[PDB]
$ cat run.txt   # compact mmCIF, C-alpha atoms
# COMPACT_ATOMS: atom_id res chain seq x y z
CA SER A 3 0.36 -3.31 -7.46
CA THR A 4 1.72 0.10 -6.25
CA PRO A 5 5.54 0.20 -5.77
CA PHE A 6 7.38 0.69 -3.03
CA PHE A 7 4.92 0.63 -0.07
CA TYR A 8 2.71 -2.18 1.02
CA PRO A 9 -0.91 -1.44 2.08
CA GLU A 10 -0.06 -1.36 5.77
CA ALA A 11 2.28 1.54 4.97
CA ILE A 12 -0.30 3.54 3.01
CA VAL A 13 -3.12 2.92 5.50
CA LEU A 14 -0.83 3.88 8.35
CA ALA A 15 0.32 7.14 6.67
CA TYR A 16 -3.24 8.13 5.86
CA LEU A 17 -4.42 7.65 9.42
CA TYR A 18 -1.98 10.23 10.64
CA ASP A 19 -3.95 13.36 11.28
CA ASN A 20 -7.21 11.48 10.64
CA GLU A 21 -7.60 9.89 14.00
CA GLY A 22 -11.30 9.44 14.76
CA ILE A 23 -12.13 8.51 11.20
CA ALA A 24 -14.61 5.70 10.77
CA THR A 25 -12.59 2.76 9.39
CA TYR A 26 -14.55 2.57 6.13
CA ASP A 27 -14.10 6.28 5.51
CA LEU A 28 -10.38 5.74 5.92
CA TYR A 29 -10.75 3.12 3.29
CA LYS A 30 -12.51 5.55 0.90
CA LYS A 31 -9.76 8.10 1.34
CA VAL A 32 -6.83 5.70 0.86
CA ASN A 33 -8.52 4.17 -2.12
CA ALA A 34 -9.12 7.61 -3.74
CA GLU A 35 -5.31 7.93 -4.06
CA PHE A 36 -3.83 4.46 -3.90
CA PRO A 37 -6.57 2.08 -5.22
CA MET A 38 -6.83 -1.14 -3.26
CA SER A 39 -9.54 -3.63 -2.54
CA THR A 40 -11.45 -3.84 0.73
CA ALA A 41 -9.95 -7.31 1.17
CA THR A 42 -6.47 -5.82 0.87
CA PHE A 43 -7.45 -2.73 3.03
CA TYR A 44 -8.94 -4.79 5.89
CA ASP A 45 -5.98 -7.13 5.82
CA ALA A 46 -3.87 -4.07 6.48
CA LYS A 47 -6.16 -2.81 9.28
CA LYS A 48 -5.91 -6.29 10.84
CA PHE A 49 -2.14 -6.24 10.67
CA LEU A 50 -1.54 -2.75 12.13
CA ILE A 51 -3.90 -3.56 15.01
CA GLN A 52 -2.12 -6.87 15.58
CA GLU A 53 1.33 -5.31 15.47
CA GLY A 54 0.26 -2.53 17.80
CA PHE A 55 0.37 0.52 15.53
CA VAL A 56 -3.40 1.21 15.42
CA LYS A 57 -6.36 0.88 17.76
CA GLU A 58 -9.94 0.36 16.65
CA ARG A 59 -12.85 1.47 18.91
CA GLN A 60 -16.63 1.36 18.45
CA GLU A 61 -17.39 5.01 19.29
CA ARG A 62 -20.34 7.27 18.37
CA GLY A 63 -22.25 4.58 16.35
CA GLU A 64 -19.22 3.63 14.21
CA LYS A 65 -15.88 1.69 14.36
CA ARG A 66 -13.04 4.27 14.36
CA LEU A 67 -9.28 4.26 14.14
CA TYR A 68 -6.68 5.78 16.42
CA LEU A 69 -2.94 5.79 16.23
CA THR A 70 -0.77 4.21 18.78
CA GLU A 71 2.32 5.78 20.34
CA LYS A 72 4.51 3.70 17.96
CA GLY A 73 2.03 4.23 15.11
CA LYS A 74 2.11 8.02 15.53
CA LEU A 75 5.90 7.99 15.34
CA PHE A 76 6.07 5.73 12.29
CA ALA A 77 3.08 7.21 10.42
CA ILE A 78 4.93 10.60 10.23
CA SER A 79 7.99 9.22 8.49
CA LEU A 80 5.88 7.05 6.17
CA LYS A 81 3.70 10.08 5.26
CA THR A 82 6.80 12.03 4.22
CA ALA A 83 7.98 9.11 2.04
CA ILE A 84 4.54 8.55 0.30
CA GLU A 85 4.06 12.26 -0.06
CA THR A 86 7.47 12.66 -1.68
CA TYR A 87 6.54 9.72 -3.88
CA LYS A 88 3.28 11.41 -4.95
CA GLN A 89 5.21 14.61 -5.81
CA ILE A 90 7.81 12.65 -7.72
CA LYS A 91 5.07 10.94 -9.77
CA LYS A 92 3.40 14.38 -10.43
CA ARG A 93 6.73 16.05 -11.30
CA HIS A 94 7.47 13.32 -13.85
CA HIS A 95 4.24 12.46 -15.86
CA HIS A 96 6.53 13.20 -18.91
CA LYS B 2 6.71 -11.90 0.92
CA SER B 3 9.10 -11.12 3.82
CA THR B 4 9.31 -7.59 5.36
CA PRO B 5 6.09 -5.66 6.18
CA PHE B 6 6.02 -2.06 5.19
CA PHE B 7 8.39 -1.81 2.37
CA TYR B 8 8.74 -3.63 -0.97
CA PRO B 9 12.25 -4.73 -1.96
CA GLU B 10 12.50 -1.73 -4.43
CA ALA B 11 12.03 0.59 -1.50
CA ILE B 12 14.70 -1.16 0.54
CA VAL B 13 17.09 -1.35 -2.40
CA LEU B 14 16.70 2.30 -3.27
CA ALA B 15 17.03 3.45 0.38
CA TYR B 16 20.24 1.40 0.77
CA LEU B 17 21.79 2.81 -2.38
CA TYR B 18 21.72 6.28 -0.81
CA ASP B 19 24.88 7.23 -0.72
CA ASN B 20 26.59 3.89 -1.34
CA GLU B 21 26.46 5.33 -4.81
CA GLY B 22 28.99 3.50 -6.96
CA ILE B 23 28.63 0.27 -5.04
CA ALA B 24 28.99 -2.91 -7.05
CA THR B 25 25.52 -4.39 -7.53
CA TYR B 26 26.55 -7.70 -5.90
CA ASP B 27 27.86 -5.87 -2.83
CA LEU B 28 24.64 -3.84 -2.55
CA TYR B 29 22.85 -7.17 -2.48
CA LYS B 30 24.91 -8.40 0.46
CA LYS B 31 24.41 -5.17 2.47
CA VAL B 32 20.64 -5.11 1.85
CA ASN B 33 20.41 -8.79 2.77
CA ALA B 34 21.96 -8.27 6.25
CA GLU B 35 18.99 -6.30 7.71
CA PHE B 36 16.41 -7.31 5.13
CA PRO B 37 16.92 -10.85 4.05
CA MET B 38 15.74 -11.36 0.49
CA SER B 39 16.61 -13.63 -2.39
CA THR B 40 18.79 -12.61 -5.33
CA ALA B 41 15.78 -13.24 -7.53
CA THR B 42 13.86 -10.67 -5.51
CA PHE B 43 16.87 -8.27 -5.38
CA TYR B 44 17.48 -8.33 -9.12
CA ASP B 45 13.74 -7.92 -9.76
CA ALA B 46 13.99 -4.72 -7.77
CA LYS B 47 17.17 -3.57 -9.57
CA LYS B 48 15.36 -4.11 -12.87
CA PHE B 49 12.35 -2.10 -11.79
CA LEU B 50 14.33 0.85 -10.33
CA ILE B 51 16.33 1.21 -13.53
CA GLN B 52 13.32 0.83 -15.78
CA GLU B 53 11.24 3.35 -13.80
CA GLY B 54 14.25 5.70 -13.75
CA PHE B 55 15.34 5.94 -10.09
CA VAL B 56 18.62 4.03 -10.64
CA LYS B 57 21.19 3.69 -13.42
CA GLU B 58 23.62 0.85 -14.03
CA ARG B 59 27.07 1.66 -15.48
CA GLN B 60 30.20 -0.51 -15.60
CA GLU B 61 32.92 1.42 -13.72
CA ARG B 62 36.21 0.27 -12.25
CA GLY B 63 35.82 -3.29 -13.58
CA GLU B 64 32.50 -3.77 -11.84
CA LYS B 65 28.71 -3.49 -12.25
CA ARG B 66 28.02 -0.14 -10.60
CA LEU B 67 24.65 1.20 -9.51
CA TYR B 68 23.98 4.94 -9.21
CA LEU B 69 21.03 7.21 -8.35
CA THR B 70 19.28 9.38 -10.87
CA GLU B 71 18.02 12.77 -9.60
CA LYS B 72 14.48 11.39 -9.06
CA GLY B 73 16.03 8.53 -7.09
CA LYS B 74 18.20 10.85 -5.02
CA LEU B 75 15.12 12.81 -3.67
CA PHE B 76 13.14 9.72 -3.07
CA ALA B 77 15.89 7.60 -1.37
CA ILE B 78 16.32 10.23 1.37
CA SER B 79 12.66 10.07 2.46
CA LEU B 80 12.61 6.33 2.14
CA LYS B 81 15.73 5.79 4.26
CA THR B 82 14.13 7.94 6.98
CA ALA B 83 11.05 5.70 7.08
CA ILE B 84 13.11 2.45 7.07
CA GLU B 85 15.45 3.82 9.70
CA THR B 86 12.49 4.87 11.79
CA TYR B 87 11.05 1.41 11.28
CA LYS B 88 14.24 -0.36 12.44
CA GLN B 89 14.40 1.84 15.55
CA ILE B 90 10.76 0.95 16.31
CA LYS B 91 11.51 -2.78 15.97
$ encode --input "run.txt" --output "structure tokens"
Amino acid sequence: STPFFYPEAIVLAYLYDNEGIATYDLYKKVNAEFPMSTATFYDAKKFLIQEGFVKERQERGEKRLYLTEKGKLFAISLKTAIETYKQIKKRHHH
Amino acid sequence: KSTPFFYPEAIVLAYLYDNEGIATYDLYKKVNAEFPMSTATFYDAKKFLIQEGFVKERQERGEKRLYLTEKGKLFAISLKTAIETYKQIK
């Protein structure tokens, strides 16, 4: 489900500008716009950590997400794509 | 299936920008060079892009020709940016 982006792409895009977010809150946010399961969401967190786009730290009584140098770069161009997608969907509910 | 961030539709659509008027078969080959995928997968993606209105098929010049709708034109640009950025990061 959801064309054209996999979960790793959405999760990555959403993290941009939300560094510091507790992991599960990032899930709530993503899910509010692009519904996915926690299984699918965590699979994506796993992957982006493993491929060196995202870092997860236990800070201030929570596990939180930061972007990586290569994540920060990629996240921006993904955001622009998903965002344009969202606006294309809105434009065209006809 | 294969590639991480992008579903075949996304790759297909990005690659069609502006190889507009490419023969379908030839778009397959181009796509397959950087993003190996089966024809089954490719044609699935062609089907979807036409049915959700990003792409149109017309027979021109004795060939199956793929073109971008207006919706597809806006979207392909932003997609190609992301894929390009991805390739440069790999």
$ closest_atom_pairs --input "run.txt" --of "chain A" --to "chain B" --cutoff "10 Å" --atoms "only C-alpha atoms" --output "Markdown table"
| residue | atom | partner | partner_atom | distance |
| --- | --- | --- | --- | --- |
| A:4 | CA | B:8 | CA | 9.5 |
| A:5 | CA | B:8 | CA | 6.9 |
| A:6 | CA | B:11 | CA | 4.9 |
| A:7 | CA | B:7 | CA | 4.9 |
| A:8 | CA | B:6 | CA | 5.3 |
| A:9 | CA | B:6 | CA | 7.6 |
| A:10 | CA | B:6 | CA | 6.1 |
| A:11 | CA | B:6 | CA | 5.2 |
| A:12 | CA | B:6 | CA | 8.7 |
| A:14 | CA | B:6 | CA | 9.6 |
| A:49 | CA | B:5 | CA | 9.4 |
| A:72 | CA | B:90 | CA | 7.0 |
| A:73 | CA | B:90 | CA | 9.4 |
| A:75 | CA | B:86 | CA | 8.1 |
| A:76 | CA | B:86 | CA | 6.5 |
| A:77 | CA | B:83 | CA | 8.8 |
| A:78 | CA | B:83 | CA | 8.4 |
| A:79 | CA | B:83 | CA | 4.9 |
| A:80 | CA | B:83 | CA | 5.4 |
| A:81 | CA | B:83 | CA | 8.7 |
| A:82 | CA | B:79 | CA | 6.4 |
| A:83 | CA | B:79 | CA | 4.8 |
| A:84 | CA | B:79 | CA | 8.5 |
| A:85 | CA | B:79 | CA | 9.2 |
| A:86 | CA | B:76 | CA | 6.5 |
| A:87 | CA | B:76 | CA | 6.6 |
| A:89 | CA | B:76 | CA | 9.7 |
| A:90 | CA | B:72 | CA | 6.9 |
| A:91 | CA | B:72 | CA | 9.4 |
| A:93 | CA | B:72 | CA | 9.3 |
| A:94 | CA | B:72 | CA | 8.7 |
$ atom_distance --input "run.txt" --atom1 "atom CA of residue B:19" --atom2 "atom CA of residue B:34"
17.2 Å
$ atom_distance --input "run.txt" --atom1 "atom CA of residue B:32" --atom2 "atom CA of residue B:65"
16.3 Å
$ atom_distance --input "run.txt" --atom1 "atom CA of residue B:21" --atom2 "atom CA of residue A:15"
28.6 Å
$ closest_residue --input "run.txt" --among "A:71, A:64, A:54, A:95" --to "residue A:27" --atoms "only C-alpha atoms"
A:64
$ closest_residue --input "run.txt" --among "A:13, A:51, A:60, A:65" --to "residue A:35" --atoms "only C-alpha atoms"
A:13
$ residues_near_point --input "run.txt" --point "(23.0, -5.1, -3.2)" --cutoff "9 Å" --atoms "all atoms listed in the file" --output "NGL selection string"
:B and (13 or 16-17 or 23-33 or 40 or 43-44 or 47)
$ residues_around --input "run.txt" --residues "residue B:68" --least-positions-apart "5" --cutoff "6 Å" --atoms "only C-alpha atoms" --output "PDB file with C-alpha atoms, keeping the file's coordinate frame"
ATOM      1  CA  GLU B  21      26.460   5.330  -4.810  1.00  0.00           C
ATOM      2  CA  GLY B  22      28.990   3.500  -6.960  1.00  0.00           C
ATOM      3  CA  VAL B  56      18.620   4.030 -10.640  1.00  0.00           C
ATOM      4  CA  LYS B  57      21.190   3.690 -13.420  1.00  0.00           C
TER       5      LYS B  57
END
$ build_atoms --input "run.txt" --residues "stretch 65-90 of chain B" --atoms "N, CA, C and O atoms" --output "PDB file, keeping the file's coordinate frame"
ATOM      1  N   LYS B  65      30.082  -3.923 -11.957  1.00  0.00           N
ATOM      2  CA  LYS B  65      28.710  -3.490 -12.250  1.00  0.00           C
ATOM      3  C   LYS B  65      28.360  -2.487 -11.180  1.00  0.00           C
ATOM      4  O   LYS B  65      28.224  -2.853 -10.011  1.00  0.00           O
ATOM      5  N   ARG B  66      28.241  -1.216 -11.565  1.00  0.00           N
ATOM      6  CA  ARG B  66      28.020  -0.140 -10.600  1.00  0.00           C
ATOM      7  C   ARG B  66      26.630   0.463 -10.735  1.00  0.00           C
ATOM      8  O   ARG B  66      26.165   0.752 -11.843  1.00  0.00           O
ATOM      9  N   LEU B  67      25.980   0.639  -9.592  1.00  0.00           N
ATOM     10  CA  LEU B  67      24.650   1.200  -9.510  1.00  0.00           C
ATOM     11  C   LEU B  67      24.763   2.650  -9.040  1.00  0.00           C
ATOM     12  O   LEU B  67      25.539   2.947  -8.111  1.00  0.00           O
ATOM     13  N   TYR B  68      24.003   3.549  -9.660  1.00  0.00           N
ATOM     14  CA  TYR B  68      23.980   4.940  -9.210  1.00  0.00           C
ATOM     15  C   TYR B  68      22.554   5.428  -9.125  1.00  0.00           C
ATOM     16  O   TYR B  68      21.650   4.744  -9.635  1.00  0.00           O
ATOM     17  N   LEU B  69      22.357   6.583  -8.465  1.00  0.00           N
ATOM     18  CA  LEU B  69      21.030   7.210  -8.350  1.00  0.00           C
ATOM     19  C   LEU B  69      20.880   8.335  -9.338  1.00  0.00           C
ATOM     20  O   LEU B  69      21.728   9.204  -9.428  1.00  0.00           O
ATOM     21  N   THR B  70      19.792   8.279 -10.089  1.00  0.00           N
ATOM     22  CA  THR B  70      19.280   9.380 -10.870  1.00  0.00           C
ATOM     23  C   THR B  70      18.846  10.481  -9.896  1.00  0.00           C
ATOM     24  O   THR B  70      18.840  10.266  -8.685  1.00  0.00           O
ATOM     25  N   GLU B  71      18.485  11.651 -10.419  1.00  0.00           N
ATOM     26  CA  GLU B  71      18.020  12.770  -9.600  1.00  0.00           C
ATOM     27  C   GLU B  71      16.733  12.495  -8.846  1.00  0.00           C
ATOM     28  O   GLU B  71      16.636  12.825  -7.669  1.00  0.00           O
ATOM     29  N   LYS B  72      15.772  11.883  -9.551  1.00  0.00           N
ATOM     30  CA  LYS B  72      14.480  11.390  -9.060  1.00  0.00           C
ATOM     31  C   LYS B  72      14.726  10.412  -7.928  1.00  0.00           C
ATOM     32  O   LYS B  72      14.024  10.437  -6.921  1.00  0.00           O
ATOM     33  N   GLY B  73      15.726   9.553  -8.083  1.00  0.00           N
ATOM     34  CA  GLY B  73      16.030   8.530  -7.090  1.00  0.00           C
ATOM     35  C   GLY B  73      16.677   9.130  -5.863  1.00  0.00           C
ATOM     36  O   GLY B  73      16.399   8.719  -4.752  1.00  0.00           O
ATOM     37  N   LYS B  74      17.539  10.108  -6.082  1.00  0.00           N
ATOM     38  CA  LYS B  74      18.200  10.850  -5.020  1.00  0.00           C
ATOM     39  C   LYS B  74      17.165  11.457  -4.061  1.00  0.00           C
ATOM     40  O   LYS B  74      17.250  11.188  -2.876  1.00  0.00           O
ATOM     41  N   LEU B  75      16.184  12.229  -4.557  1.00  0.00           N
ATOM     42  CA  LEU B  75      15.120  12.810  -3.670  1.00  0.00           C
ATOM     43  C   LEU B  75      14.336  11.745  -2.908  1.00  0.00           C
ATOM     44  O   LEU B  75      14.025  11.880  -1.709  1.00  0.00           O
ATOM     45  N   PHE B  76      13.985  10.701  -3.632  1.00  0.00           N
ATOM     46  CA  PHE B  76      13.140   9.720  -3.070  1.00  0.00           C
ATOM     47  C   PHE B  76      13.880   8.877  -2.004  1.00  0.00           C
ATOM     48  O   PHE B  76      13.334   8.625  -0.917  1.00  0.00           O
ATOM     49  N   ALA B  77      15.117   8.463  -2.293  1.00  0.00           N
ATOM     50  CA  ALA B  77      15.890   7.600  -1.370  1.00  0.00           C
ATOM     51  C   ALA B  77      15.990   8.168   0.037  1.00  0.00           C
ATOM     52  O   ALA B  77      15.811   7.453   1.012  1.00  0.00           O
ATOM     53  N   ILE B  78      16.273   9.465   0.119  1.00  0.00           N
ATOM     54  CA  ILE B  78      16.320  10.230   1.370  1.00  0.00           C
ATOM     55  C   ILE B  78      15.082   9.971   2.214  1.00  0.00           C
ATOM     56  O   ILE B  78      15.212   9.466   3.313  1.00  0.00           O
ATOM     57  N   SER B  79      13.891  10.255   1.688  1.00  0.00           N
ATOM     58  CA  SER B  79      12.660  10.070   2.460  1.00  0.00           C
ATOM     59  C   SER B  79      12.391   8.610   2.796  1.00  0.00           C
ATOM     60  O   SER B  79      11.857   8.303   3.867  1.00  0.00           O
ATOM     61  N   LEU B  80      12.772   7.722   1.894  1.00  0.00           N
ATOM     62  CA  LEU B  80      12.610   6.330   2.140  1.00  0.00           C
ATOM     63  C   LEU B  80      13.470   5.875   3.267  1.00  0.00           C
ATOM     64  O   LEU B  80      12.990   5.240   4.172  1.00  0.00           O
ATOM     65  N   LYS B  81      14.758   6.198   3.212  1.00  0.00           N
ATOM     66  CA  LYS B  81      15.730   5.790   4.260  1.00  0.00           C
ATOM     67  C   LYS B  81      15.293   6.232   5.666  1.00  0.00           C
ATOM     68  O   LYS B  81      15.443   5.495   6.618  1.00  0.00           O
ATOM     69  N   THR B  82      14.727   7.424   5.762  1.00  0.00           N
ATOM     70  CA  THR B  82      14.130   7.940   6.980  1.00  0.00           C
ATOM     71  C   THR B  82      13.063   6.991   7.533  1.00  0.00           C
ATOM     72  O   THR B  82      13.140   6.568   8.705  1.00  0.00           O
ATOM     73  N   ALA B  83      12.086   6.647   6.694  1.00  0.00           N
ATOM     74  CA  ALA B  83      11.050   5.700   7.080  1.00  0.00           C
ATOM     75  C   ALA B  83      11.607   4.334   7.514  1.00  0.00           C
ATOM     76  O   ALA B  83      11.188   3.826   8.543  1.00  0.00           O
ATOM     77  N   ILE B  84      12.526   3.747   6.738  1.00  0.00           N
ATOM     78  CA  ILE B  84      13.110   2.450   7.070  1.00  0.00           C
ATOM     79  C   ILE B  84      13.907   2.535   8.356  1.00  0.00           C
ATOM     80  O   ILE B  84      13.822   1.653   9.216  1.00  0.00           O
ATOM     81  N   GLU B  85      14.677   3.608   8.490  1.00  0.00           N
ATOM     82  CA  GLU B  85      15.450   3.820   9.700  1.00  0.00           C
ATOM     83  C   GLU B  85      14.495   3.903  10.872  1.00  0.00           C
ATOM     84  O   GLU B  85      14.747   3.321  11.935  1.00  0.00           O
ATOM     85  N   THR B  86      13.429   4.679  10.703  1.00  0.00           N
ATOM     86  CA  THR B  86      12.490   4.870  11.790  1.00  0.00           C
ATOM     87  C   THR B  86      11.900   3.524  12.129  1.00  0.00           C
ATOM     88  O   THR B  86      11.712   3.209  13.304  1.00  0.00           O
ATOM     89  N   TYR B  87      11.606   2.735  11.100  1.00  0.00           N
ATOM     90  CA  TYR B  87      11.050   1.410  11.280  1.00  0.00           C
ATOM     91  C   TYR B  87      11.967   0.516  12.128  1.00  0.00           C
ATOM     92  O   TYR B  87      11.507  -0.088  13.112  1.00  0.00           O
ATOM     93  N   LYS B  88      13.250   0.462  11.753  1.00  0.00           N
ATOM     94  CA  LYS B  88      14.240  -0.360  12.440  1.00  0.00           C
ATOM     95  C   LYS B  88      14.329   0.001  13.917  1.00  0.00           C
ATOM     96  O   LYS B  88      14.455  -0.872  14.784  1.00  0.00           O
ATOM     97  N   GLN B  89      14.280   1.303  14.187  1.00  0.00           N
ATOM     98  CA  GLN B  89      14.400   1.840  15.550  1.00  0.00           C
ATOM     99  C   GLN B  89      13.141   1.518  16.349  1.00  0.00           C
ATOM    100  O   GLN B  89      13.172   1.461  17.563  1.00  0.00           O
ATOM    101  N   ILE B  90      12.023   1.320  15.657  1.00  0.00           N
ATOM    102  CA  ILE B  90      10.760   0.950  16.310  1.00  0.00           C
ATOM    103  C   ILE B  90      10.724  -0.556  16.634  1.00  0.00           C
ATOM    104  O   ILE B  90      10.334  -0.945  17.738  1.00  0.00           O
TER     105      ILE B  90
END
